[PDB]
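Protein chains in written order, with the entry's author numbering: chain A, 344 to 440; chain B, 1236 to 1468; chain C, 1385 to 1468; chain D, 1286 to 1334; chain E, 9 to 206; chain F, 2 to 213; chain G, 2 to 149; chain H, 2 to 247; chain I, 199 to 247; chain J, 693 to 741.
Ideal placement from N, C-alpha and C gives every residue a C-beta, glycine not left out.
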Amino acid sequence: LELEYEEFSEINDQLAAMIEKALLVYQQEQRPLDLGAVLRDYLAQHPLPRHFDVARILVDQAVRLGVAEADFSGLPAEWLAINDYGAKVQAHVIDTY
Amino acid sequence: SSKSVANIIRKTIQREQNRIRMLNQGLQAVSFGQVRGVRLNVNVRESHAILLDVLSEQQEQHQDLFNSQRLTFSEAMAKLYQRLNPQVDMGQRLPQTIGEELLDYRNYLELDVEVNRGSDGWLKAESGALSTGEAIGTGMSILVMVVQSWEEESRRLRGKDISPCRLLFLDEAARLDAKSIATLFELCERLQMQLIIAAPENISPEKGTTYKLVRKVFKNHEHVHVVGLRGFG
Amino acid sequence: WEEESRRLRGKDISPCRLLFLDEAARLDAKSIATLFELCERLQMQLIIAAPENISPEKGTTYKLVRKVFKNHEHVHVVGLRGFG
Amino acid sequence: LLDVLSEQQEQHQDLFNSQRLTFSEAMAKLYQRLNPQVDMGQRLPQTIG
Amino acid sequence: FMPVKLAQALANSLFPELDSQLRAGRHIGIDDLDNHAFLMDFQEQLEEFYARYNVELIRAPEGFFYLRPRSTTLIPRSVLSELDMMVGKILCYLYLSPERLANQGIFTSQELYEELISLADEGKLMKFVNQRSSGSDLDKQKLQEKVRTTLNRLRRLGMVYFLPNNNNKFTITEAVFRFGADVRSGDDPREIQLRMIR
Amino acid sequence: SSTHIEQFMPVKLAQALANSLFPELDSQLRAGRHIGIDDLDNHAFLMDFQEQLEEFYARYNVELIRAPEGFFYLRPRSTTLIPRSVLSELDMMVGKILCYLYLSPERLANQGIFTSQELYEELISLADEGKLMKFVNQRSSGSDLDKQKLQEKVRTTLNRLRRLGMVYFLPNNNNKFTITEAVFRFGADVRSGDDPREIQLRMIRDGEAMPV
Amino acid sequence: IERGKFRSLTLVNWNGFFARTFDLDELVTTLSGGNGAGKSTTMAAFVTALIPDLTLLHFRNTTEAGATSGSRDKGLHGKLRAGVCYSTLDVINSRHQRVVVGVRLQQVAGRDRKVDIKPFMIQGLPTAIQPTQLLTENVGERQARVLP
Amino acid sequence: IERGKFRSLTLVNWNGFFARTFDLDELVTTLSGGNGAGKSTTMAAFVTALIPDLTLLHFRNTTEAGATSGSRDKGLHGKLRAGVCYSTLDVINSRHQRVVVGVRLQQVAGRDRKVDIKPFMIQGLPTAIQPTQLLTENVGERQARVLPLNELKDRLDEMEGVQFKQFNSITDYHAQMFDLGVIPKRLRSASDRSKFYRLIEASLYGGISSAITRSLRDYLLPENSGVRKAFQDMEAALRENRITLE
Amino acid sequence: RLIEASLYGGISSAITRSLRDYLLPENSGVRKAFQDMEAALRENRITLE
Amino acid sequence: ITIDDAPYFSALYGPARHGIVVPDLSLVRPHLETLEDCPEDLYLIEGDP
Ligand SMILES: Nc1ncnc2c1ncn2[C@@H]1O[C@H](COP(=O)(O)OP(=O)(O)OP(=O)(O)O)[C@@H](O)[C@H]1O
Ligand SMILES: Nc1ncnc2c1ncn2[C@@H]1O[C@H](COP(=O)(O)OP(=O)(O)OP(=O)(O)O)[C@@H](O)[C@H]1O
Ligand SMILES: [Mg+2]
Ligand SMILES: [Mg+2]
């Protein structure tokens, strides 16, 4: 028969837009950014099933802003908890912008 | 002499067939595209089956060739094997070596890999007759077969309270669809076997640990920024 | 090759241009953007394949699903569109 | 080698006092003439000449 | 340069002989222990070596090796007679299940002669010997002579191994499957082989 | 060191076998073709790696030989791995006549181009016509049908000699052809002014020629 | 000057496709679907219709890419069903001429898994004719048949 | 019961990684990043630490996955940096003993691209000390200093109960790894190493491996001595007599 | 070769190895002049041999 | 059996280590009188082999 069609959802693009707008301030003020605190504060704004995607996208946006000078110290970072049910994150603080 | 050798060979063959049959069951109902199962097909070569039967029951017809002290046992085995299937040729190699070949049980077995594809029955696994994902999945299946066999082999040389580690890789994992990845995760989990997979972000498996990589230039030198996530689910 | 045959060809024909790439999923978004701009600047047609829809906002796309059906096989094809 | 073959004795003998070009070298390429180390075969490659 | 393993392979003492045989069209089965092992070990390079001649080195699914020339073959080609394929398909039929109990792998010329006469149609038999022939003793004697001749040709191909004595009794090798029919899911070999022979 | 070509084969021999000319040449050589000076590519190739080829083919129990006239060919031994065959007496008659034609300065002005009719005329001028006719048919007595049959057999054998590389037809005309030096092998029984019997014995001992 | 373009690709009686027509895009066309859906098969049909030289065609897996294998089987035969098969391309020339190239494919009965190819070309076909309908006959109640 | 686990992977002074440690998951670890980020580099590090044999090690590109040896470059040299480099694994046995195994890597100077490799093993390390700390000195500069094997041996020997073993041959290294249950089979000989590497690299690139398929019985079936040694002993008297006669 | 290399993607071993043959086109004007010299060089080969 | 349990088992089974397992031990009772060619002390055990 004749060909049917199906459409995509843009929810994740919208999510990326909110996160990038919310995060732009850190660069502009060159404020030190800690992934642990930011993830813990930002996951509280969405329900549990969506946390994983939010974490991924937030990390994608955050890593573009500068580097963490501690990485050259030879000292590994710890696994910080960011919500209940037991999710963890590992990252040094971002200092060099 | 004679019958007892046949019995030890038969029991060794039987034990190998049974162990393979046990390994075989763990791979039932694995979904990889249109492939739905994998097997290791084990069979006995005819030219050796008849030899084994003759050595079992017609020994009085050939005892001259066995008790002749001018030649050794392995030579006797080689000469009997040439007496049967006379069309076989020998490549100017010592009969001693052919005898020792007949003494090794593995030479009696024929081995194949088969897959239960789609509407069809069991087919021999040929790379050219499969899609990409089906080929990758079948490869993983055979690899876990090998690992299980090797662990069973060595345990008689290891401490009673030691269980070796098991780990395998997969590069360019984006080539597999979600259903195939679910199947692969189920297999490795049931086999207590660790996995490390690389994908250019196209796949986001919820279970396990994830590492985000970004390469940059810093003080005129290449540097990799790394972030990690885990615990979801 | 197109420049070489400029002499033999009639003045008014420009030959068709087309290439393939299987397992496009091996390329990341930036790489595919580069590839698309290259091929469009050269009026080059492309046919690419990937398990997942790697190009949602460019060109046409088809989705294939295979169904086992009365002891044989049948492929169902449906199109995809950028926005809905 | 093209310069060696192109420019001939009578006029360019005054040019030939340079250390890089001489007549005998055309025959010296006889060594290279016999067999170059070509690898893949299609159509017909044969020799330096 | 040349790949190291290819140089090793063709340096082996067994190569000249095998080369000679293969060029002749002989088929290498599992019976020839050393030759078969040699091919198994160096297939990846021998295939490339013979591709330079526009000739294909094929390993049949049953296990035997043989060469197949292309249209642009560098090796002079030759072709079998109709009676040759008739006999070959007969031998493929005789590679049966009751064969094991009937003959223990060792046949005689008479088995094949009588099978050929019984199973084929008279018209193609006359076409084999000569169209002017009609059911006469001399024609049958000539057909016997031709059967022995083509059987020796097949022995050259390696299809059939004569037992080492002057009498004409032989055994059939697995490579005879090359004459065989196409096999489809669940089809009985006897039926399909007979269907082609008809 | 290990995994090094020299372990298994001389470098020059491997270099020769890897050349693009080898398969053609090999195929031809095995088929009995003689190689003269006119087919440059082949000839040159042969010259460059002579000893390696000789050594190679030796494996087969066959001699790669070089006649004084500069043409290469294969001579199998009694233990040869490759079959050996002999030419027919009519082929010899045409061969010795082609040899005399090559030498003849009287016809050198043709620049090597000869016609089947000229060959036939020379042959009948020298050999016993009516006795030679016995080979075409046992009842021949000079009839024209039998004379045409003889001419057609000559036409056929000459075509066989072309496959052996002993004569080359013109690109567009098949009634005319050119000779090559390979024909001198038909003079192997007389190139030395000695006792014919001893020469013949020497030749059969060397594997060059068989009786009938 | 306006460069020519490929309009569409048609498959008939392939493995999994009875009669399907893909409409190509001016710049990029993407095929998606789970493993074994049939994407690589579509690629193979296109290239076969472009260069029918059976000596060259060799469809290896994507894995084992670049290995000169001389495999026993070129991998084309299995992608075809019993009976007659087609693969055709519709092209718009720079002269704005519609031309339909293609090949008729058919399995060879016999132990060797061989294939037969016969190319063909059509010129001047009216713009209203679709290849899918041109290559089939409507027999029965919407149960079309393919025609040789 | 309680199968062992790989715990972490550490890179020091590799191309793009001055000092990095990955904490491996109990079931699945996923590496993710754009093209050229360095994923395959990490897997190269893992396998080279596992099988330090330069005859086998060959990191061909994923495209052209199945071709011949081809170039003389094995693709490893370019992944190192000037100076000293390390790759180490951290493992926990069923006994819960912490063992650290690794190799030291260095670019051999020359026209060609060659590498020098030396295995080592450490046992008894406290749970409080990480590999990166062992292998680097926190000098006043912005970036630490990687310390060679001499400094490392001196630093480790100072610890109480910690043993540092440095191997001269790959065979010894594999023997120790097997005894501690890090690998499923003890690699008797070079052939065993080759088969083990075949397994790993076939898993890495993916697909039905040609080599595994050819020699299926050689991989899946153990070799049994019982059938043989009886007849070697019974045969002995004849063998000696024949040799004496010759 | 071109289409197959595109299909499987990547640096095709065969393409790069013979890049001259694939990229550089052939010229008939060069041949027309070289015909005479080809005759001459052939003759020289003859003599040499 | 592993090397760790080997000494334990060897001590446990003592002289009977090299006996034969036979699940009935009454089927041997008729055969037994014939045993004139056997080790001076034969051990038999009943159980599933
Ligand atoms: N020669 C063949 N013989 C039999 N079945 C085949 C053959 N070639 C392909 N198939 C089957 O046809 C189906 C389609 O395979 P194909 O490779 O076209 O799929 P795909 O969607 O491109 O898959 P992938 O992305 O995993 O490569 C699969 O089931 C494959 O097993
Ligand atoms: N031997 C080498 N010599 C030089 N540069 C190299 C070498 N190996 C890798 N590189 C470079 O190192 C960087 C990382 O390469 P690598 O193969 O690890 O990437 P990747 O993240 O695995 O990429 P992808 O998944 O797309 O294959 C790339 O720039 C690559 O060019
Ligand atoms: Mg596919
Ligand atoms: Mg990579």
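Beta carbon of residue i, beta carbon of residue j: below 8 Å?
i	j	result
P1440 of chain B	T31 of chain H	yes
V402 of chain A	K1447 of chain B	yes
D74 of chain G	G1443 of chain B	no
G166 of chain F	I83 of chain F	no
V432 of chain A	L382 of chain A	yes
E90 of chain F	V184 of chain F	no
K154 of chain H	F168 of chain H	no
Near residue i, which residues of its chain fall below 8 Å by C-beta distance, leaving aside the five closest residues on each side in sequence?
i	result
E1336 of chain B	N1342
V95 of chain F	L120, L124, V155, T158, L159, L162
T137 of chain G	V13, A20, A145, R146, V147, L148
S95 of chain G	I2, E3, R4, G5
Residue i: which of the options sits nearest, CA to CA?
i	options	result
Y1316 of chain D	F:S21, F:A45, F:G37	F:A45
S190 of chain H	H:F179, H:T137, H:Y206, H:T172	H:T172
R1410 of chain B	G:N62, G:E27, G:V29	G:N62
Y385 of chain A	A:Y348, A:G417, A:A365	A:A365
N1253 of chain B	B:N1455, B:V1265, B:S1384, B:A1417	B:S1384
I123 of chain G	G:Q98, G:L81, G:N36	G:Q98
So, for residue i: in the same chain, excluding its five sequence neighbours on each side, which residues have a beta-carbon less than 6 Å away from its beta-carbon?
i	result
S141 of chain E	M134, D147
Closer than 7 Å by C-beta to residue i: which residues in its own chain qualify, once you throw out the five before and the five after it? Chain order, please.
i	result
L1306 of chain D	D1288, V1289
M93 of chain F	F187
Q1427 of chain C	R1401
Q53 of chain E	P11, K13, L14, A17
Tell me the rounded alpha-carbon separation between residue i and residue j.
i	j	result
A1311 of chain B	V1270 of chain B	47 Å
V1277 of chain B	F179 of chain H	30 Å
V137 of chain F	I98 of chain F	18 Å
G188 of chain F	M235 of chain I	39 Å
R192 of chain F	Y58 of chain F	28 Å
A128 of chain E	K1359 of chain B	36 Å
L22 of chain F	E56 of chain E	16 Å
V1459 of chain B	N16 of chain H	9 Å
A237 of chain H	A231 of chain H	10 Å
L378 of chain A	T214 of chain I	47 Å
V29 of chain H	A1417 of chain B	12 Å
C100 of chain F	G67 of chain G	56 Å
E107 of chain E	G113 of chain E	7 Å
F60 of chain H	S1237 of chain B	52 Å
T43 of chain G	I1431 of chain C	10 Å
Between the segment 1398–1427 of chain C and chain H, which residues of the former have a C-beta closer than 9 Å to a C-beta of the latter?
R1410, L1411, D1412, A1413, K1414, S1415
At a Cβ cut of 9 Å, what residues of the segment 201–221 of chain I count as close to chain H, listed as they run along the chain?
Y206, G207, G208, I209, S210, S211
Residues in the segment 34–48 of chain H with C-beta within 8 Å of chain C's C-beta atoms, listed in sequence order?
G35, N36
In the segment 1385–1398 of chain C, which residues sit with their C-beta less than 7 Å from some C-beta in chain I, listed in chain order?
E1388
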